[PDB]
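Only this structure's heavy atoms are used, side chains among them; waters, hydrogens and symmetry mates stay out. Every chain is numbered from 1, with letters handed out A, B, ... down the list of sequences.
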Amino acid sequence: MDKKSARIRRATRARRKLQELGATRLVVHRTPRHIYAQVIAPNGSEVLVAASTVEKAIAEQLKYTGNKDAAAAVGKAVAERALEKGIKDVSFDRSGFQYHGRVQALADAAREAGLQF
Amino acid sequence: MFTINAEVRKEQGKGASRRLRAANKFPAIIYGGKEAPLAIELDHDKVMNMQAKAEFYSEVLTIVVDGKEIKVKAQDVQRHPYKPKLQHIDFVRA
Amino acid sequence: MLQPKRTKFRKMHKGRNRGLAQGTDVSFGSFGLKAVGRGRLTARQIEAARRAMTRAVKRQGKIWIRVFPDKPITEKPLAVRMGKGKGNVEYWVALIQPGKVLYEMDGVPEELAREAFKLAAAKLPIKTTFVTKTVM
Amino acid sequence: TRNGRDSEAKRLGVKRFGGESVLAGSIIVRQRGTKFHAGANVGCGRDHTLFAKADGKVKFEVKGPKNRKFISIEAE
Amino acid sequence: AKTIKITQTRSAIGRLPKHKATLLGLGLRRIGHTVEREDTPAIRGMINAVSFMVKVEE
RNA sequence: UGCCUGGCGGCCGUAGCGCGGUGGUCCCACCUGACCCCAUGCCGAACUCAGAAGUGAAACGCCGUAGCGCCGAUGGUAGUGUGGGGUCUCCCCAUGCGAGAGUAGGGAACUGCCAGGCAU
RNA sequence: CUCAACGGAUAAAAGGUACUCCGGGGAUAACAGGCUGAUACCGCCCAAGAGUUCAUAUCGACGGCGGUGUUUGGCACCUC
RNA sequence: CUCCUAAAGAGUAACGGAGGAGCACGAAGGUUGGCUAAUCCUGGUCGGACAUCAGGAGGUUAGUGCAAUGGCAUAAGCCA
RNA sequence: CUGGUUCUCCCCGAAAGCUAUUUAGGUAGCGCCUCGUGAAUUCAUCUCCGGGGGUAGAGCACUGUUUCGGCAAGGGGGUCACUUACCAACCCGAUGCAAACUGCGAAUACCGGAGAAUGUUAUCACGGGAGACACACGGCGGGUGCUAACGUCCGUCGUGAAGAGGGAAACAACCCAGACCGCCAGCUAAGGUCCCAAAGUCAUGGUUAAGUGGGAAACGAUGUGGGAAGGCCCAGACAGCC
Ligand SMILES: [Mg+2]
Ligand SMILES: [Mg+2]
Ligand SMILES: [Mg+2]
Ligand SMILES: [Mg+2]
Ligand SMILES: [Mg+2]
Ligand SMILES: [Mg+2]
Ligand SMILES: [Mg+2]
Ligand SMILES: [Mg+2]
Ligand SMILES: [Mg+2]
Ligand SMILES: [Mg+2]
Ligand SMILES: [Mg+2]
Ligand SMILES: [Mg+2]
Ligand SMILES: [Mg+2]
Ligand SMILES: [Mg+2]
Ligand SMILES: [Mg+2]
Ligand SMILES: [Mg+2]
Ligand SMILES: [Mg+2]
Ligand SMILES: [Mg+2]
Ligand SMILES: [Mg+2]
Ligand SMILES: [Mg+2]
Ligand SMILES: [Mg+2]
Ligand SMILES: [Mg+2]
Ligand SMILES: [Mg+2]
Ligand SMILES: [Mg+2]
Ligand SMILES: [Mg+2]
Ligand SMILES: [Mg+2]
C-alpha cells in the first residue's frame with residue numbers, strides 16, 4: 001500500500017466537490033524536498049498560474065527548499081502571481097495532505113498576500 | 001484432394017439463406033488473409049458426402065469460384081440441429 | 001430417480017418449451033441418442049431408459065446422461081376444486097428441444113450401441129435418433 | 001405458509017428522457033439506489049431522486065473509471 | 001413534383017388502430033379510393049406500413 | 001525542437017495483470033534525525049516536522065514480450081414488428097429489424113495544460 | 001383509538017329455526033344434460049423376467065402411446 | 001413494505017410463487033479528520049477446527065440497527 | 001329486488017375498467033358517451049434525430065442447480081501406525097438448466113425534438129345531461145389447471161355486445177365486408193365453378209387406389225413416387241438348383 005495511492009483516495013472527495021461547484025482551485029503538492037502550487041481553471045484542465053521551489057527564481061533565496069518557511073515563499077509568490085493575472089477568489093485544495101505545517105504555512109501566506117479563500 | 005464448385009451469393013440474410021437450403025444448397029463464407037471475405041453458395045448433398053471423410057477437416061481444399069481456385073481449410077461447420085444436413089461452413093484461406 | 005438435492009424455490013411456473021436445443025453433438029462418448037421431438041422427460045422415464053441400455057450392454061463401457069430433471073411439476077389431488085393455491089410437487093422433468101443429445105455411450109461396438117439405444121428409445125415419449133461423434 | 005401479500009407500486013423510473021427540456025426543480029428519475037448518478041446541474045434527493053437544478057435539456061452520459069451513468073442538464 | 005397514385009384494395013375493418021391512422025394519414029376513405037400524393041420518404045413510409053392493403057401506381 | 005521527470009486533466013481495460021529488462025545530474029522514492037509543531041485508543045509504522053549521509057533494493061516510471069484479461073468483424077443462427085399460412089402445447093412463408101456465443105483478427109493505450117531538468 | 005373488518009356504519013351487540021316467512025337468482029349449489037377426460041374402464045407399443053430349456057402357449061416388470069364417455073371428479077353453459 | 005408473475009417506460013389480476021413490518025437510535029443524527037473487508041494459508045505460550053499476534057494470498061465473496069430489492073470505495077461500511 | 005313504462009323522424013354514440021365502500025347483482029369520483037363554450041398547429045399517422053431500458057434470445061463470471069474427466073484435500077471402512085468394497089471439498093478442463101440467476105442483449109413499445117402530407121379539431125380546458133362499473137369469444141404474451149375445459153385470472157388487439165350482408169351445410173364472438181333510399185345495370189372480396197345450386201365436366205405437368213380425400217398416436221410394413229450416394233458383380237455377383 002503506497003502512501004501516494006492512499007493519498008489520492010483522501011483527496012478525491014474534495015476534488016469532486018470543487019469540480020461540481022465549478023470553482024477555480026489552488027492545488028498543492030508536497031514532497032519531502034519541494035513544495036508546489038498550481039491554480040487550475042474551473043474546467044480542471046488549464047493551469048492559470050504556478051509556483052514552486054524547483055524554480056530557481058524562488059529557490060535561490062531559501063536556506064532549505066523543503067521546510068516550513070520555504071512553503072511561505074511559494075504561498076506568497078503564487079498569490080501575487082495570480083492577483084495581477086486577475087484571479088482573486090479561489091478554493092484551497094489540500095490534495096490529501098493534512099491542513100497543517102507546510103501546506104498550512106503555504107495557505108495563510110497566500111491568504112496574507114490577498115487571495116480570498 | 002477435395003475440389004468444390006461454388007457460386008457467389010447475390011444477397012444475404014435469414015430469408016435468402018433459408019431459400020437456399022430449400023433449393024438443396026447452403027451458404028458458406030471465405031475469410032482469412034488481407035482479402036475481403038467472400039460469401040458463396042455450395043451444393044449441399046455433394047459437399048455432405050465429402051465432409052463424411054475425416055481428411056476433409058484436415059487437408060487443404062480448393063474451391064473453384066468464377067473459374068478461380070482458392071486454397072482453404074475447413075474452419076467451422078454449422079450442422080442442422082437434428083437432421084443429417086449442413087447449414088453453414090466457415091472456410092479460412094490457407 | 002434423478003432430482004436436485006436442493007432448490008432455491010419449491011414450485012416453478014409452467015413456462016413454455018420453444019426453441020431448439022443446446023448441446024447438439026456427442027461430447028463425451030462416441031455414440032449418442034439425440035431427440036428429434038419436443039416434450040418433457042420425467043425422472044422415471046430417464047431412469048427406465050437408462051436401465052434398458054445398461055442391461056442391453058450387460059453393464060459394459062461408459063454411459064453419460066446429458067439431461068437432468070430440474071423442473072418440478074405440481075399436481076392437484078383428486079376431488080379438489082380450482083384455486084386454494086398451487087398444487088404440490090409430484091415429479092421432476094427435463095424440458096427437451098429437438099436436437100438435444102440425451103444419452104452418450106462409449107466402449108462398445110456401434111452395432112451393439114444401436115440396439116442399446118433402440119431398447120432405450122422405446123421407453124421415452126419423444127422420437128429420437130442415433131448419432132455418432134464427428135470431427136468438429 | 002400462505003402467500004397473497006404485496007405492496008403498492010411506487011412508480012419509479014425515468015420521468016424525463018434524453019433531450020427533454022425541463023424547468024429547474026423538475027424530477028428527472030426516481031430510483032431506489034443511485035442507478036443513475038447526479039452530473040452537472042443535477043441534485044440528488046434524500047431518496048436519491050435526481051432533480052434538475054437549472055433549466056435546460058437533460059443529458060445521459062457514462063463516465064468515470066467505473067462506467068457509471070450520469071445525468072446532467074445542458075443549460076440552455 | 002413527382003407524384004404517385006395510391007389505391008386502397010382491402011377493407012379497414014379489423015385492422016390495428018395505427019393502421020387505420022395510416023390510411024387516414026394518406027387520405028384513403030374506402031376500398032377503391034385513389035388519391036394523389038407527393039413522392040416523399042415520409043409518404044413512402046406510410047405506404048410501406050399498410051402495403052398489404054394498398055396498391056401504389058407509380 | 002527532441003528526450004526525461006513532476007503536477008492537473010481528458011479518456012475508462014486495444015488503456016489491465018503477469019514475465020523480462022531498465023532508470024538516479026535533476027525529479028521522485030526510499031532514506032537521516034526527531035526534544036520541538038503535530039501524531040500513535042501502544043508504536044515518529046502512519047501522520048508531522050527538521051534535514052541530505054546513502055540507495056535506486058523496494059516502490060514508481062520507462063522498454064520488450066501474446067501467459068491471461070480485454071477488443072472484435074464478415075457470414076450464419078436465435079429472436080422479433082407487420083401481413084399470410086400449417087399438421088396450430090409448436091412452426092412455416094413474404095417483408096423489415098437482427099443478436100448472444102463463437103471464428104478470422106486486433107491489441108503491451110492515446111491525449112491536453114503547466115512546470116522542471118537535459119540535449120538542441 | 002390492535003377504530004388491525006386498518007377510507008374507520010354506534011360510546012355500546014351473540015346465536016337457533018326441520019314451525020318458518022317475503023323479495024329475488026339458474027348472476028350460485030344439490031338431480032339430470034353439456035364441455036372436459038385428471039381418475040375410471042378398455043386396447044396397444046417396448047420386452048426385464050416368470051414359464052424345467054424357451055421373452056411373446058399363458059403372464060409380463062420398468063416405462064411409452066391411445067380409445068371410450070363409463071366411475072370419482074373439474075367447470076358452472078341450460079333449467080330456481 | 002420487498003421480489004417475481006408484469007409481456008426491456010408507468011401501471012396491471014387470481015384463495016398465484018416467496019418473505020417482512022405495527023419499530024429502533026441524543027447517537028445508530030450533524031460535521032471535520034482518518035480508515036478499508038470476507039475467507040484462507042504460514043509461523044507462533046497456555047490455545048484446541050475456531051480467541052489474540054505476525055506475514056502472504058485474496059479483492060468486498062464483507063459490512064449496512066431489521067425482510068427483500070436497488071445501491072454503496074469520493075464509500076452510504078469502520079474509528080475518533 | 002322483480003315486472004312494466006304508450007306517437008314519428010334526424011344527428012352523435014358508449015361501458016361492462018380503476019379507486020373506495022358492512023362493499024361485491026348497490027353507490028360515489030375518475031376513465032369512456034353527448035351537448036355547449038373557449039383555446040393553441042393542439043392531436044394522429046410516417047420519416048429523421050435524441051433517449052432510458054434489461055423482456056425474447058443467449059450466456060454460465062455471479063446466485064443456485066447439474067453431468068463427466070483431471071488434480072486432489074478430506075470423509076471412509078480395512079488392518080493398528082501401513083496399505084486398503086467407497087464418498088469426496090477446492091481448483092482445472094469439458095456439458096447443460098433458471099419466473100424470483102446476469103460479466104450480454106434485440107424486435108417492438110414508450111418519452112422528447114424536428115419535418116412534410118393528410119384528417120369536417122380529429123387535441124385540451126370549463127360547463128349542462130348521462131349511461132356504465134355481470135362482459136363474451138378469437139389472436140398474441142402469460143399465471144392457474146392436466147400447455148384439460150365453450151375453465152379461470154391478467155396484458156394487448158379484433159369482433160360480438162350495440163352490426164345487417166356474403167362465406168364456413170346449419171353456426172352472437174371465425175373469414176370477407178360496415179346496410180341513407182330506389183333500380184329486372186356493371187365490377188369484385190372471402191369463398192367457389194359435375195348435379196342439388198350461380199359459375200371451368202378449363203388448360204399443362206405430376207402424385208394417390210386408400211372413397212385416402214371425407215377424424216386420431218406410439219409403433220408396424222418388399223404399398224408407391226422422387227433424390228443422392230454406397231457394397232458386390234462376366235476374375236461370374238443376388239436368388240434358385242447339385
Ligand atoms: Mg422471416
Ligand atoms: Mg520519514
Ligand atoms: Mg456479436
Ligand atoms: Mg371495513
Ligand atoms: Mg376498508
Ligand atoms: Mg365501513
Ligand atoms: Mg320464496
Ligand atoms: Mg349458469
Ligand atoms: Mg351436474
Ligand atoms: Mg338442461
Ligand atoms: Mg331449478
Ligand atoms: Mg414495467
Ligand atoms: Mg355512427
Ligand atoms: Mg361532459
Ligand atoms: Mg429465455
Ligand atoms: Mg453458473
Ligand atoms: Mg360492482
Ligand atoms: Mg365486474
Ligand atoms: Mg376481463
Ligand atoms: Mg370463459
Ligand atoms: Mg348460410
Ligand atoms: Mg354506412
Ligand atoms: Mg365478373
Ligand atoms: Mg350451374
Ligand atoms: Mg379437364
Ligand atoms: Mg375418410
Side-chain angles (χ1 to χ4, degrees), chain A residues 2-3 9-10 12-13 16 27 29 31 36 38 40 44-47 50 52 54-55 64 67-68 98 100-101, chain B residues 12 14-15 17 27-29 31-32 37 39 45 49 75-76 78 87-88 90 92, chain C residues 4 7-9 11-20 22-23 27-28 38 44-45 47-49 51-52 55 64-68 70 75-76 78-79 81-86 119 122-125, chain D residues 3-4 7 9 11 13-14 16-20 31-35 48 60 63-65 67, chain E residues 11 13-14 16-18 21-22 24-27 37-38 40-43 45-46 49 52:
Chain A
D2 54 329
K3 315 144 51 142
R9 177 185 51 78
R10 291 195 297 264
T12 306
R13 185 176 196 86
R16 290 302 161 268
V27 192
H29 182 54
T31 60
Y36 310 82
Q38 292 172 309
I40 316 309
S45 47
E46 302 326 321
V47 175
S52 92
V54 303
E55 274 146 351
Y64 184 60
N67 41 19
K68 201 182 304 178
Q98 221 69 352
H100 163 85
Chain B
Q12 298 90 341
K14 157 147 57 181
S17 303
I29 188 67
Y31 54 84
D45 48 336
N49 299 335
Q75 180 68 21
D76 211 347
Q78 290 192 3
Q87 283 195 152
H88 192 253
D90 283 0
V92 49
Chain C
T7 36
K8 196 162 22 162
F9 308 96
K11 309 178 184 184
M12 281 179 20
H13 286 168
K14 185 193 309 302
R16 297 300 183 267
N17 197 18
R18 298 184 50 194
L20 298 165
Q22 293 291 332
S27 294
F28 301 92
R38 183 186 313 275
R44 296 183 173 277
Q45 296 160 356
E47 181 56 9
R51 297 177 180 177
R55 145 161 14 86
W64 292 261
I65 302 183
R66 299 280 304 279
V67 283
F68 190 85
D70 62 331
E75 284 187 354
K76 279 188 169 300
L78 275 76
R81 311 229 229 244
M82 300 293 103
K84 287 90 173 65
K86 197 172 177 60
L119 291 182
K123 315 289 184 181
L124 303 178
Chain D
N3 317 293
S7 64
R11 277 81 174 173
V14 179
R16 298 293 202 276
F17 296 84
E20 289 190 70
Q31 45 178 11
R32 284 282 81 103
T34 67
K35 184 184 328 299
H48 302 117
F60 293 83
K63 296 193 325 315
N67 300 275
Chain E
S11 147
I13 302 170
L16 301 182
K18 83 189 311 174
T22 304
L24 189 138
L26 287 176
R37 293 294 172 262
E38 177 33 61
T40 295
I43 294 297
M46 293 186 184
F52 61 92

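- For F:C38 with F:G44, the Watson-Crick or G-U wobble criterion holds, each of the two distances under 3.5 Å.
- Spacing between F:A59 and F:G72 at atom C1', rounded to whole Å, works out to 36 Å.
- Residue contacts for A:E55: at a heavy-atom cut-off of 4.0 Å it reaches the sugar-phosphate backbone alone, with no base atom in range.
- The residue A:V54 sits close only to the backbone: its heavy atoms come under 4.0 Å of sugar-phosphate atoms, none of a base.
- When both distances must be under 3.5 Å, the Watson-Crick or G-U wobble mate of G:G16 does not exist.
- Under the Watson-Crick or G-U wobble criterion, with both distances below 3.5 Å, I:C18 is paired with I:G29.
- Taking atom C1' in both I:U123 and I:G139, the straight-line distance is 32 Å, to the nearest Å.
- One N or O donor and one acceptor, one from the side chain of C:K14 and one from the base of I:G145, sit under 3.5 Å apart.
- Base engagement by B:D90 is indicated by at least one non-hydrogen atom pair under 4.0 Å involving a base atom.
- Between D:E20 and E:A49, the one whose closest nucleotide on RNA chain I sits nearer the 5' end is E:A49.
- Rounded to the nearest Å, the gap between the P atom of I:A58 and that of F:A101 is 13 Å.
- Classified by its glycosidic torsion, G:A9 falls in the syn category, the angle being within 90° of 0.
- Using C1' as the reference atom, G:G73 and I:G213 are 40 Å apart when rounded to the nearest Å.
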N/O contacts under 3.5 Å, protein versus nucleotides 51-54 of chain I?
unit_1, atom_1, unit_2, atom_2, d
I:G51, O2', D:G18, N, 2.7
I:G53, OP1, D:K69, NZ, 3.3

Are there any protein N/O atoms within less than 3.5 Å of an N/O atom in nucleotides 34-40 of chain F, and if so, which ones and at what distance?
unit_1, atom_1, unit_2, atom_2, d
F:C37, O2, A:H100, NE2, 3.0

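- Here C:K11 lies in heavy-atom contact (under 4.0 Å) with a base.
- Within the 4.0 angstrom heavy-atom criterion, base atoms lie near E:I13.
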Could you list all N or O pairs between the protein and nucleotides 6-8 of chain F that sit under 3.5 Å apart?
unit_1, atom_1, unit_2, atom_2, d
F:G7, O2', A:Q38, OE1, 2.5
F:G7, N3, A:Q38, NE2, 3.3
F:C8, OP1, A:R15, NH1, 3.3
F:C8, OP1, A:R15, NH2, 2.8
F:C8, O3', A:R25, NH2, 2.5
F:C8, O2', A:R25, NH2, 3.1
F:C8, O2', A:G44, O, 3.3

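- For H:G47 and H:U52, the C1' atoms lie 10 Å apart once the distance is rounded to whole Å.
- Base pair annotation for I:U159 with I:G192: unpaired, by the Watson-Crick or G-U wobble rule (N1-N3 plus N6-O4 or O6-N4, or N1-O2 plus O6-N3, under 3.5 Å).
- Both distances falling under 3.5 Å, in either a Watson-Crick or a G-U wobble arrangement, place F:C60 opposite F:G23.
- C:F68 comes within contact range of the sugar-phosphate backbone alone, with a heavy-atom separation under 4.0 Å but no base atom that close.
- Note on D:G13: nothing from the nucleic acid sits closer than 4.0 angstrom, heavy atoms only.
- Using a 4.0 Å heavy-atom distance criterion, D:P65 is classed as a base contact.
- Entry note: F:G18 and F:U65 meet the pairing test, Watson-Crick or G-U wobble at under 3.5 angstrom for both distances.
- For I:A210, the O4'-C1' to base torsion is within 90° of 0; the nucleotide is therefore syn.
- Not a single donor-acceptor pair under 3.5 Å links the side chain of D:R32 to the backbone N or O of D:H48.
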If you restrict it to nitrogen or oxygen atoms, what contacts under 3.5 Å exist between nucleotides 55-58 of chain F and the protein, and what is each distance?
none

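- Using a 4.0 Å cut-off, no side-chain N or O of D:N3 falls inside it from OP1 or OP2 of H:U5.
- Between I:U102 and I:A58, a Watson-Crick or G-U wobble pair is formed, both defining distances falling under 3.5 Å.
- The side chain of D:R32 lies closest to H:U2 when the candidates are I:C157, F:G13, H:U2.
- Taken together, F:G96 and F:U40 do not qualify as a Watson-Crick or G-U wobble pair under the 3.5 Å criterion applied to both distances.
- Between I:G155 and I:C68 there is no base pair of the Watson-Crick or G-U wobble kind with both of its two distances under 3.5 Å.
- The residue C:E75 sits close only to the backbone: its heavy atoms come under 4.0 Å of sugar-phosphate atoms, none of a base.
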Footprint string (nucleotides 75-80 of chain H, 5' to 3'): B base within contact, S backbone only, - free, heavy atoms under 4.0 Å: SB----
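- Using a 4.0 Å heavy-atom criterion, one finds that B:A39 contacts no nucleic acid atom at all.
- Counting non-hydrogen atoms under 4.0 angstrom, A:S52 reaches nothing in the nucleic acid.
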B:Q78 vs B:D90, side chain to side chain contact (heavy atoms under 4.5 Å, CB included): CA-CA, chis, key distance, verdict: CA-CA 8 Å; B:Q78 290 192 3; B:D90 283 0; over 6 Å; no
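- Base stacking between strand neighbours H:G48 and H:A49 is absent under the criterion of six-membered ring centres closer than 5.5 Å and ring planes inclined by less than 30 degrees.
- The base of F:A73 does not come close enough to the side chain of B:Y31 for any donor and acceptor atom to sit less than 3.5 Å apart.
- Picking from G:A47, F:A46, I:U95 the nucleotide with the shortest atom distance to the side chain of A:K3 gives F:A46.
- Taken together, H:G22 and G:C6 meet the test for a Watson-Crick or G-U wobble pair: both N-N or N-O distances fall under 3.5 Å.
- Between H:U31 and H:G59 there is no base pair of the Watson-Crick or G-U wobble kind with both of its two distances under 3.5 Å.
- The shortest non-hydrogen separation linking B:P27 to B:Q87 is CD-O, 3.5 Å.
- When each of C:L20 and E:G45 is assigned the nucleotide of RNA chain I with its nearest heavy atom, E:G45 is the one assigned upstream, toward the 5' end.
- Distance noted for atom P between I:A114 and I:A44: 13 Å (whole Å).
- Within 4.0 Å (heavy atoms only), A:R16 reaches at least one base atom of the nucleic acid.
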Nucleotides 96-101 of chain F: protein proximity per nucleotide (B base, S sugar-phosphate only, - neither; heavy atom, under 4.0 Å): --B---
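- Partner assigned to I:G227 is none, using Watson-Crick or G-U wobble distances below 3.5 angstrom.
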